[PDB]
Amino acid sequence: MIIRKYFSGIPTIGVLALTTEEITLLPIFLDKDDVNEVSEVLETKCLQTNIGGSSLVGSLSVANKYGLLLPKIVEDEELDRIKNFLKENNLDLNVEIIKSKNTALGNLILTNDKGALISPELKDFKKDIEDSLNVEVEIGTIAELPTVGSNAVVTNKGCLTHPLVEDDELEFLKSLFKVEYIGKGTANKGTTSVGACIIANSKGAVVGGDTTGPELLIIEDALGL
């Protein structure tokens, strides 16, 4: 259920990609073998696209079963490409441009299909985020850091956080995301921003290639994989 990958040599999987239970967004530079390997382990429909001209799809965007959030820099051709892919797959999402000055939506938001956590920097966008993602949204941090999407991985089944999350915050996250599995750890040989290193859903995960055996064990347990 879990594979280790580099994307054209880059171990920071979560900056470059995002997934839901149904779709995965990937950088255009990946070859077809890498795309097929990701599609098989996550059991998703994969779209290769830029966002804002960029391959940093996981840092710039967020999605769940209900909604897809894009930054204000998304380009018309990119929006067209994404909506065409959704239409082709009969996927009806709330596609929403979050017009924040900070365009790193994927770094600032952490969501599954049951709850979402957002950086306090995005407080004035809370209603837009709630209406698109169609889940309970709360404002907060992870291990004192406002880049909650960079510092945790969440799926419908489990959640992995930054290693310095305290038990009271772990209980809050477990409740917010309505998951039965949760844990804390590193990826890519000690990186604490585990959301930058891993994409996952309830069916599988892609973890950055430098992730060690002990780390993989903790990731498996935290995500229920």
# chains A, B, ... in the order shown; residues from 1 in each chain; ligands from 1
$ residues_around --residues "residue 207 in chain A" --least-positions-apart "5" --cutoff "12 Å" --atoms "only C-alpha atoms" --output "number ranges by chain"
A: 1-7, 10-17, 38, 41-42, 153, 186-189, 191, 194-201, 212-213, 215-217, 219-220, 223
$ write_last_selection --atoms "N, CA and C atoms" --output "short mmCIF file (atom, residue, chain, number, x, y, z; two decimals), in the first residue's frame"
data_model
loop_
_atom_site.label_atom_id
_atom_site.label_comp_id
_atom_site.auth_asym_id
_atom_site.auth_seq_id
_atom_site.Cartn_x
_atom_site.Cartn_y
_atom_site.Cartn_z
N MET A 1 0.78 -1.24 0.00
CA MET A 1 0.00 0.00 0.00
C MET A 1 0.81 1.29 0.00
N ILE A 2 2.12 1.22 0.18
CA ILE A 2 2.96 2.41 0.22
C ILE A 2 4.19 2.23 -0.65
N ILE A 3 4.50 3.20 -1.48
CA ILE A 3 5.72 3.16 -2.30
C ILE A 3 6.55 4.36 -1.94
N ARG A 4 7.84 4.15 -2.04
CA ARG A 4 8.81 5.23 -2.02
C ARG A 4 9.11 5.77 -3.38
N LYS A 5 9.14 7.07 -3.58
CA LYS A 5 9.40 7.64 -4.87
C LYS A 5 10.20 8.92 -4.76
N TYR A 6 11.01 9.17 -5.77
CA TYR A 6 11.48 10.50 -6.07
C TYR A 6 10.75 10.91 -7.35
N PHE A 7 10.42 12.18 -7.47
CA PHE A 7 9.86 12.73 -8.71
C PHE A 7 10.98 13.46 -9.45
N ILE A 10 13.50 14.49 -6.99
CA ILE A 10 13.09 15.37 -5.91
C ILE A 10 12.31 14.55 -4.86
N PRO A 11 12.71 14.56 -3.58
CA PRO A 11 12.04 13.74 -2.57
C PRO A 11 10.83 14.41 -1.93
N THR A 12 10.62 15.68 -2.20
CA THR A 12 9.59 16.52 -1.58
C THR A 12 8.27 16.32 -2.27
N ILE A 13 7.71 15.10 -2.23
CA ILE A 13 6.50 14.69 -2.95
C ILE A 13 5.31 15.59 -2.71
N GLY A 14 5.11 15.99 -1.46
CA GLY A 14 3.95 16.76 -1.04
C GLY A 14 3.96 18.21 -1.52
N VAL A 15 5.15 18.77 -1.84
CA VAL A 15 5.17 20.10 -2.48
C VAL A 15 4.72 20.01 -3.92
N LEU A 16 5.01 18.85 -4.55
CA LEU A 16 4.79 18.67 -5.96
C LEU A 16 3.44 18.07 -6.35
N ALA A 17 2.64 17.61 -5.40
CA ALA A 17 1.45 16.84 -5.71
C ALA A 17 0.45 16.86 -4.58
N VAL A 38 1.98 6.03 -9.37
CA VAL A 38 1.18 6.78 -8.42
C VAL A 38 -0.30 6.44 -8.51
N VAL A 41 -0.98 2.98 -6.87
CA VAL A 41 -0.96 2.83 -5.41
C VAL A 41 -2.04 3.65 -4.74
N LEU A 42 -2.38 4.81 -5.29
CA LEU A 42 -3.45 5.63 -4.69
C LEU A 42 -4.82 5.25 -5.20
N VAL A 153 0.08 15.19 7.42
CA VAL A 153 -0.59 14.45 6.36
C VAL A 153 -1.89 13.95 6.96
N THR A 186 8.76 11.69 11.44
CA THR A 186 9.43 12.40 10.34
C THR A 186 9.34 11.60 9.04
N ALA A 187 9.76 12.24 7.95
CA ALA A 187 9.89 11.54 6.67
C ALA A 187 11.18 12.01 6.00
N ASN A 188 11.57 11.32 4.95
CA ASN A 188 12.76 11.73 4.21
C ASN A 188 13.98 11.89 5.14
N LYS A 189 14.18 10.98 6.05
CA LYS A 189 15.36 10.96 6.92
C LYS A 189 15.44 12.22 7.77
N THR A 191 13.07 14.91 8.05
CA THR A 191 12.32 16.12 7.75
C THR A 191 11.07 16.14 8.61
N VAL A 194 6.16 16.84 7.42
CA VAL A 194 5.85 15.58 6.73
C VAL A 194 4.88 15.80 5.61
N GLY A 195 4.08 16.85 5.64
CA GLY A 195 3.17 17.15 4.53
C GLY A 195 3.94 17.50 3.26
N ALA A 196 5.16 17.96 3.35
CA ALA A 196 5.99 18.24 2.18
C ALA A 196 6.53 16.95 1.60
N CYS A 197 6.43 15.82 2.29
CA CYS A 197 7.17 14.60 1.92
C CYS A 197 6.29 13.44 1.48
N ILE A 198 4.99 13.54 1.65
CA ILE A 198 4.08 12.38 1.51
C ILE A 198 2.75 12.84 0.92
N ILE A 199 2.21 12.06 0.01
CA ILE A 199 0.78 12.19 -0.32
C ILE A 199 0.12 10.85 -0.01
N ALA A 200 -1.09 10.88 0.49
CA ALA A 200 -1.76 9.67 0.90
C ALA A 200 -3.29 9.82 0.85
N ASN A 201 -3.94 8.70 0.70
CA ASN A 201 -5.39 8.61 0.91
C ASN A 201 -5.65 7.33 1.72
N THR A 212 13.16 6.55 5.75
CA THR A 212 13.81 5.36 6.27
C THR A 212 12.84 4.27 6.69
N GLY A 213 13.34 3.08 7.01
CA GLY A 213 12.52 1.96 7.52
C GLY A 213 11.80 2.37 8.80
N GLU A 215 10.97 5.26 9.87
CA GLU A 215 9.98 6.27 9.56
C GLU A 215 8.77 5.64 8.89
N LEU A 216 9.04 4.73 7.96
CA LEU A 216 7.95 4.08 7.22
C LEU A 216 7.03 3.35 8.18
N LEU A 217 7.60 2.66 9.17
CA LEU A 217 6.74 1.99 10.14
C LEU A 217 5.77 2.94 10.83
N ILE A 219 4.79 5.93 9.75
CA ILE A 219 3.83 6.43 8.76
C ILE A 219 2.72 5.43 8.54
N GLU A 220 3.04 4.14 8.37
CA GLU A 220 2.05 3.12 8.18
C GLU A 220 1.04 3.09 9.33
N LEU A 223 -1.27 6.28 9.45
CA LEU A 223 -2.21 6.46 8.37
C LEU A 223 -3.13 5.24 8.24
#
$ select_by_dssp --residues "range 105-182 of chain A" --states "strand (DSSP E or B)" --output "PyMOL selection string"
chain A and resi 109-111+115-118+136-139+142+145+152-154+158-161+181-182
$ write_last_selection --atoms "C-alpha atoms" --output "short mmCIF file (atom, residue, chain, number, x, y, z; two decimals), in the first residue's frame"
data_model
loop_
_atom_site.label_atom_id
_atom_site.label_comp_id
_atom_site.auth_asym_id
_atom_site.auth_seq_id
_atom_site.Cartn_x
_atom_site.Cartn_y
_atom_site.Cartn_z
CA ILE A 109 -4.67 24.12 4.74
CA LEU A 110 -4.96 20.51 5.85
CA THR A 111 -8.18 18.65 4.91
CA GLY A 115 -12.67 18.27 8.59
CA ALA A 116 -10.09 20.91 7.77
CA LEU A 117 -7.53 22.96 9.65
CA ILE A 118 -6.40 26.34 8.23
CA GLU A 136 -16.03 21.64 9.45
CA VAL A 137 -13.15 24.16 9.32
CA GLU A 138 -11.11 25.26 12.34
CA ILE A 139 -8.23 27.75 12.53
CA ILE A 142 0.62 22.30 14.07
CA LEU A 145 3.60 26.32 12.96
CA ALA A 152 0.98 17.02 8.66
CA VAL A 153 -0.59 14.45 6.36
CA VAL A 154 -4.27 13.63 6.72
CA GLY A 158 -5.48 8.54 9.65
CA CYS A 159 -3.16 11.46 10.30
CA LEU A 160 0.60 11.87 10.61
CA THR A 161 1.98 15.03 12.24
CA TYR A 181 -5.42 6.33 13.49
CA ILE A 182 -2.99 9.10 14.34
#
$ residues_around --residues "residue 79 in chain A" --least-positions-apart "3" --cutoff "12 Å" --atoms "only C-alpha atoms" --output "PyMOL selection string"
chain A and resi 49-53+68-76+82-86+95-97
$ select_by_dssp --residues "range 3-224 of chain A" --states "helix (DSSP H, G or I)" --output "number ranges by chain"
A: 13-16, 32-42, 57-60, 76-88, 105-108, 120-133, 167-177, 194-196, 213-223
$ residues_around --residues "residue 18 in chain A" --least-positions-apart "4" --cutoff "6 Å" --atoms "only C-alpha atoms" --output "ChimeraX atom specification"
/A:24-25,58
$ residues_around --residues "residue 184 in chain A" --least-positions-apart "6" --cutoff "8 Å" --atoms "only C-alpha atoms" --output "number ranges by chain"
A: 160-165, 218, 222
$ decode --residues "range 44-76 of chain A" --atoms "C-alpha atoms" --output "short mmCIF file (atom, residue, chain, number, x, y, z; two decimals), in the first residue's frame"
data_model
loop_
_atom_site.label_atom_id
_atom_site.label_comp_id
_atom_site.auth_asym_id
_atom_site.auth_seq_id
_atom_site.Cartn_x
_atom_site.Cartn_y
_atom_site.Cartn_z
CA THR A 44 -6.92 7.52 -8.42
CA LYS A 45 -7.36 9.38 -11.72
CA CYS A 46 -4.23 11.47 -12.25
CA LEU A 47 -3.97 14.87 -13.88
CA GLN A 48 -0.63 16.46 -14.78
CA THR A 49 -0.99 20.25 -14.63
CA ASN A 50 0.78 23.45 -13.69
CA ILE A 51 -0.77 25.88 -11.18
CA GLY A 52 0.24 29.55 -11.56
CA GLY A 53 2.78 28.41 -14.17
CA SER A 54 4.37 26.26 -11.48
CA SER A 55 4.90 22.54 -10.72
CA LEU A 56 4.48 23.16 -6.96
CA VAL A 57 0.93 21.76 -7.10
CA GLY A 58 0.88 20.37 -3.54
CA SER A 59 1.98 23.71 -2.09
CA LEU A 60 -0.43 25.81 -4.11
CA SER A 61 -3.69 23.82 -4.05
CA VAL A 62 -5.96 21.70 -1.80
CA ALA A 63 -8.70 19.22 -2.57
CA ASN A 64 -11.06 16.75 -1.00
CA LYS A 65 -14.11 14.79 -2.28
CA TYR A 66 -16.20 18.00 -2.35
CA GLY A 67 -13.96 20.85 -3.40
CA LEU A 68 -10.75 22.02 -5.06
CA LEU A 69 -9.10 25.23 -3.87
CA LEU A 70 -6.85 27.18 -6.25
CA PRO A 71 -4.78 30.34 -5.63
CA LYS A 72 -5.39 33.65 -7.34
CA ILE A 73 -2.40 33.07 -9.66
CA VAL A 74 -4.08 30.10 -11.40
CA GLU A 75 -4.04 30.78 -15.13
CA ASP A 76 -7.10 30.55 -17.39
#
